[PDB]
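Residue numbers (the numbering used here), protein chains in the order written: chain F, 1372 to 1675; chain P, 1372 to 1675.
Positions of the beta carbon are idealized from the N, C-alpha and C atoms, including for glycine.
First the structure, in the form of structure tokens, and then the observations on it.
There are 2 protein chains.
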Amino acid sequence: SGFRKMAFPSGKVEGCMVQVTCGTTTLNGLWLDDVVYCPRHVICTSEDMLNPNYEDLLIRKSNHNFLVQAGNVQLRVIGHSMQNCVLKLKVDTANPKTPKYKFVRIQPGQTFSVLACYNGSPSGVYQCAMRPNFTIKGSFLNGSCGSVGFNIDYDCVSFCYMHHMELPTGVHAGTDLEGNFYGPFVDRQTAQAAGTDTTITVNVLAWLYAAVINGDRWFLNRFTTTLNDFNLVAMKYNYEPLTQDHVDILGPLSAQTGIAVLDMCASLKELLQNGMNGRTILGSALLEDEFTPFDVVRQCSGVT
Amino acid sequence: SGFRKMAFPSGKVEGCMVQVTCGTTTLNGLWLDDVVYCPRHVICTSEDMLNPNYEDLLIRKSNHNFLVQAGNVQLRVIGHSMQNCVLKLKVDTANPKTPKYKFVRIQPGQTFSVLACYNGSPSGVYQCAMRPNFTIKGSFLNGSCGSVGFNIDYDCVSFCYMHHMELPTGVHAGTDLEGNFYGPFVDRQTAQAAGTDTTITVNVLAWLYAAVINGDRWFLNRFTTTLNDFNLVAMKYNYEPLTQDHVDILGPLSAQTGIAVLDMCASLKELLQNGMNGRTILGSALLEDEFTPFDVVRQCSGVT
Ligand SMILES: N#Cc1cncc(NC(=O)Cc2cccnc2)c1
Ligand SMILES: N#Cc1cncc(NC(=O)Cc2cccnc2)c1
């Protein structure tokens, strides 16, 4: 028992972290096979970041201008290319610690672990979620760019995020491993505001099921509701609308606890209308939306 | 910016995890050099756990009865001994992935990362704290015993916890790497109640400084207090008494923000007396006590 914001073991990702330097700019890179992936703004000076033309900036760069260090040793760069907002630096050595991996573009509401890195070295690991406004609420300082977000299925690492920037609001924006930004963000030092941060409803419901499994049952009520009635409440509280797909994915949690999804929705509805009244659920005084139904099942069953 | 419950990168610890089987009981072990450390209740059957005599139970066990598997390969056990509540299984091969390590017994209030494991395989990593009642609020299921808690200084892993049990209250109890339990717990299937769970005051104060650094300043007030006045409030709210040692360790955070420690104590006092009034601090609706002053500085400066 007990429920924690748990990250995947980071070992397979630590073995992929390198340092990329271009001129006076140093950030993190991800070395998989003979390719090093990093944000393209590594070629920029703070003056360039105001309005950068990456195609023109890259013309003045050769393979020898990209310095890639893996731990203590230097990698030889034999190729360089730009794919959307990431640079792919072909090196002459395959990473001997390359795990089985995939590049996946996640949907908003999905969760992932972040391995925060500085100068190619890992500093920490934490669990995150791609928000419905396509930002992440991470913990990154200057130098953390190139840090990656990922998921793990037994021995396969699915890379889903690469950190590029921090918005003036303290929230973070980044790309998938093909260099496409999540959301409308551009890799430019220009004011970019994030849209409405809505609550991931299916994840809060998954977390209420995790609380029921762990003994926290005070919020269970004698009521039920419908998808349309629940969504009227969800809209009012800036919650994501619940669909039959969401109900379907909550099926195993509903089966394990014997609490129908629409019944759990009615508990959530009352919690939204009345608040927690000074109580806590899984040691939290607010409704947690950064655990997917998959995360709850995984943690509650011990998937390694 | 951003502040997260961040765990240390787990790679160095993943390379130490093995599976230990004795009879029909399987739990986790920690392989460092030529020694495998695991909870001694691995020699018990569920019948034995009611009232076990480990010295008598160990008499019926030989080196060949302890099965140690590292990944997919079997380790040869050439020695076995009991040190307090852990078994040390001498194996014929030194772990080639043994990092620089220490065994440290932590004080209550101190934090550590846990690598939850099942059948010698890591499932997840999370940040934890040794509570003042010597329990941890972890996330462990049956099979997680032998999972370890640790801290990391550059390349050195300080092992501080080994998980042994879950109390009927859903909180966890365990030992240091010399087999001594934290708190008064015994490795027996007998009802053991934890004492009062008090709040780690110096850690809440460290977290208020992290919130000030990250932009959350609403709780800052026009007041100050004294150590004796603050502690009258702290006692009333089951908070740990604050000492000059605590004030001393908050010195770098006080210097960085320019907010005197006693001033931050007065903000904490008002937060305790008035509550958050529906507001949040670092995305939390309660006062977080599982970040030490060291954790705040580390995360806010990017120590790798
Ligand atoms: N793409 C892009 C891009 C555009 N403008 C500025 C930057 N730089 C940062 O945001 C650095 C930073 C600072 C704190 C946390 N995470 C990152 C990058
Ligand atoms: N020492 C000891 C000891 C005494 N009595 C019972 C056990 N077993 C467990 O608590 C197994 C377990 C279950 C869930 C989470 N963590 C562990 C061990």
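Within the segment 1613-1648 of chain P, complete alpha helix (DSSP H) segments of at least 4 residues are found at 1615-1620, 1622-1628 and 1632-1645, given in chain order. Non-local beta-carbon contacts of residue 1656(P) in its own chain, meaning distances under 7 Å to residues more than five positions away in sequence, involve 1647 in chain order. Straight across, the Cα-Cα distance linking residue 1566(F) with residue 1551(F) is about 18 Å.
Between residue 1510(P) and chain F, the shortest Cβ-Cβ separation is below 8 Å.
Assignment of beta-bridge partners to residue 1652(P) by DSSP yields 1655(P).
Within chain F, the residues 1495 and 1496 have their CB atoms less than 8 Å from the CB of residue 1379(P), given in chain order.
Residue state for residue 1589(F) is assigned as coil, using DSSP reduced to three classes. Listed in chain order, the positions of the segment 1596-1629 of chain P with a beta carbon within less than 9 Å of a beta carbon of chain F would be empty, since no residue qualifies. The beta strand (DSSP E) runs of length 3 or more contained entirely in the segment 1477-1559 of chain P are, from start to end of the chain, 1482-1489, 1492-1500, 1519-1524, 1527-1537 and 1543-1546. The beta carbons of residue 1563(F) and residue 1538(F) sit closer together than 8 Å. Taking a cut-off of 8 Å for Cβ pairs, the segment 1472-1489 of chain P and the segment 1504-1524 of chain P touch, as three or more such pairs fall below it.
The secondary-structure analysis by DSSP pairs residue 1563(F) with nothing; it has no beta-bridge partner. Proximity of the beta carbon of residue 1515(F) to ligand 1 is indicated: a heavy atom of the ligand is located closer than 7 Å. For residue 1454(F), the closest Cβ of chain P is not nearer than 8 Å. Closest option to residue 1600(P), judged by alpha-carbon separation, among 1504(P), 1639(P) and 1577(P): 1639(P). Apart from sequence neighbours up to five positions away, the residues of its chain that approach residue 1556(P) with a beta-carbon distance below 6 Å are 1544 and 1563, ordered along the chain. Under the rule that a run must span 3 or more residues, the beta strand (DSSP E) segments found entirely inside the segment 1389-1461 of chain P read 1396-1403, 1406-1410, 1437-1441, 1444-1446 and 1448-1454. Under the Cβ criterion (8 Å, minimum of three pairs), the segment 1585-1602 of chain F does not count as touching the segment 1622-1629 of chain F. The C-alpha of residue 1663(P) lies about 7 Å from the C-alpha of residue 1573(P). In this structure, residue 1407(P) and residue 1460(P) form a Cβ contact; the two beta carbons are roughly 4 Å apart against a cut-off of 8 Å.
Inclusion of residue 1512(F) in the 7 Å shell around ligand 1 follows from its C-beta lying nearer than that to a non-hydrogen atom of the ligand.
Ligand 1 has no heavy atom closer than 7 Å to the beta-carbon of residue 1539(F). At a threshold of 7 Å, residue 1558(F) counts as near ligand 1, since its beta carbon sits closer than that to one of the ligand's heavy atoms. Contact between residue 1490(P) and residue 1570(F) is absent: CB atoms are separated by about 36 Å, not below the 8 Å threshold.
Taking C-beta separations shorter than 6 Å and ignoring five residues to either side along the sequence, the partners of residue 1528(F) in its chain run 1383, 1470, 1472 and 1521, following chain order. C-alpha of residue 1505(P) to C-alpha of residue 1598(F): approximately 45 Å in a straight line.
Following the DSSP letters along the chain, one finds residue 1580(F) inside the alpha helix (DSSP H) bounded by residues 1572-1584.
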